[PDB]
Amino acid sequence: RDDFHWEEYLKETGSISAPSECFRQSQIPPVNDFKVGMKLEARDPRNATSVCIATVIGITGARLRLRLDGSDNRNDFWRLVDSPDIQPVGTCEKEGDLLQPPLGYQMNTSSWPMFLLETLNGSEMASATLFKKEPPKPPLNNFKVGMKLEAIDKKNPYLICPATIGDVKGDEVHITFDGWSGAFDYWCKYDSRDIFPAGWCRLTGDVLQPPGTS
């Protein structure tokens, strides 16, 4: 929403936003120089032990909409340019591993070797320079109940929404989405890369969803 401005929203709701130091997100957001069509390696979101070739389908703020080469277009996922889950082509090999076909590979398994060559042939492989350094983990869990922040809706990952810490337990926090039912609530580690300080979308040029209408 064009009207949503944190300073005003905080005033209105009589709330405070979690300080930037609570998050495992860089004080100065990483720069996103990726381009649509670039190739990179990404851990298969539906098969963690696999590293696959991914193509940048879209760009949004400091995030990349990715699709695993050879799979359908219904399992796209979003990753920060400083996410540990993505890396330049060639990394997998250097960490003693082999690239695998995606879980949703649409061709026969035996076709993988030639498909890999074909999909990378004359393609634009994102340079190591585009991959940013992950922020260090905040030493402690400094989140307090009631603090507001921006969080990814894990049921609809493209969405970053105004959220509130509903609970704190050990190194985890209970995320609740403002204006929506508990149907989208979830627990995550306080250093999750899926939560961000108020103002993140504004600084990175990403899309912050407007609060819901509860």
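Numbers for residues come from their place in the sequence shown, where the first is 1.
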> On average, which has the higher Cα B-factor in the deposited entry, 128 to 136 or 92 to 100?
Replying inline: 92 to 100
> For the C-alpha atoms alone, is the average B factor greater in 61 to 69 or in 169 to 177, going by the entry?
Replying inline: 169 to 177
> Which is it among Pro162, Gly146, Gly37, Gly182: the one with the largest CA B-factor in the entry?
Replying inline: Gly182
> Taking the values straight from the PDB record, which of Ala48, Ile53, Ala151, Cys188 has the highest C-alpha temperature factor?
Replying inline: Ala48
> By the record's CA B-factor, is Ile28 among the lowest, middle or highest third of residues in the chain?
Replying inline: highest
>> Ranking the modelled residues of this chain by C-alpha B-factor as given in the entry, is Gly199 in the lowest, middle or highest third?
In response: middle
> Among the chain's modelled residues, which third holds the C-alpha B-factor of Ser110?
Replying inline: highest
> Can you tell me which third, lowest, middle or highest, the CA B-factor of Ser192 falls into for its chain?
Replying inline: lowest
> Sorting the chain's CA B-factors, does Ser83 end up in the lowest, middle or highest third?
Replying inline: lowest
